[PDB]
Amino acid sequence: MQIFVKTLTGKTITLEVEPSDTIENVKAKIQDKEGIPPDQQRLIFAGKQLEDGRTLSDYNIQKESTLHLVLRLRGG
Amino acid sequence: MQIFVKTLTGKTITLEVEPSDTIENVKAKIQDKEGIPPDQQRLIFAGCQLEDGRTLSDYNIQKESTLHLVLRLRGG
């Protein structure tokens, strides 16, 4: 299924995901496409930060859902 | 100075802050106004999560800047 991943800075990523994908697996897909290390990524749905070991299914993420991506950078 | 704090769910909070305020002190102001515990709050500027012990000055937060607020909820 297609989901959108949007930064708060004006970039939309489209991903093909499975409902059984963990949030960490989605971060790996974002690294594959955009080169951002999973350790720096924080994914958000419905205003809440998502936990790495839960699945898209666990969070009721449906086709065409939008996740937001923000970074946790150690340097800044 | 005035800043905006916006959720990703359609709520804008206006705060009066000082540039020497820590990010934790801003979370305390959000708790005072909205009743959200600081421990659940994550504040974001320019697509990056902000660190509790740094100041608005440290992050170049200017008058009329917008921070985003997301929650880290242990249960959901």
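This entry, so its header tells us, was determined using X-ray crystallography, 1.2 Å.
For all residues, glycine too, the Cβ spot is worked out from N, Cα and C.
Listed features, source Swiss-Prot:
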DOMAIN    A:1-76  domain 'Ubiquitin-like 1'
CROSSLNK  A:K6  ubiquitin cross-link
CROSSLNK  A:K11  ubiquitin cross-link
CROSSLNK  A:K27  ubiquitin cross-link
CROSSLNK  A:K29  ubiquitin cross-link
CROSSLNK  A:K33  ubiquitin cross-link
CROSSLNK  A:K48  ubiquitin cross-link
SITE      A:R54  site 'Interacts with activating enzyme'
CROSSLNK  A:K63  ubiquitin cross-link
MOD_RES   A:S65  phosphoserine
MOD_RES   A:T66  (Microbial infection) ADP-ribosylthreonine
SITE      A:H68  site 'Essential for function'
SITE      A:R72  site 'Interacts with activating enzyme'
MOD_RES   A:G76  ADP-ribosylglycine
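Feature annotations (Swiss-Prot) mapped to structure.
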residue	record	DSSP (3 states)
A:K11	ubiquitin cross-link	coil
A:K27	ubiquitin cross-link	helix
A:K48	ubiquitin cross-link	strand
A:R54	site 'Interacts with activating enzyme'	coil
A:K63	ubiquitin cross-link	coil
A:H68	site 'Essential for function'	strand
A:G76	ADP-ribosylglycine	coil
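Among the recorded positions A:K33, A:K48, A:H68, A:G76, the ones whose Cβ sits under 8 Å from a Cβ of chain B are, in sequence order, A:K48, A:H68, A:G76. Within the same chain, the residues at least 6 positions away from A:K63 (ubiquitin cross-link) whose Cβ sits under 8 Å from its Cβ are A:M1, A:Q2, A:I3, listed in sequence order. For the pair A:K48 (ubiquitin cross-link) and A:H68 (site 'Essential for function'), the Cα-Cα distance reads 10 Å. Reduced to three states, the DSSP call for A:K33 (ubiquitin cross-link) is helix. Under a cutoff of 8 A between CB atoms, and with a sequence separation of 6+ in the same chain, the neighbours of A:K29 (ubiquitin cross-link) are A:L15, A:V17, A:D21. Less than 8 angstroms from the CB of the residue listed as 'phosphoserine' sit A:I3, A:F4, A:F45, each of them six or more residues away in the same chain.
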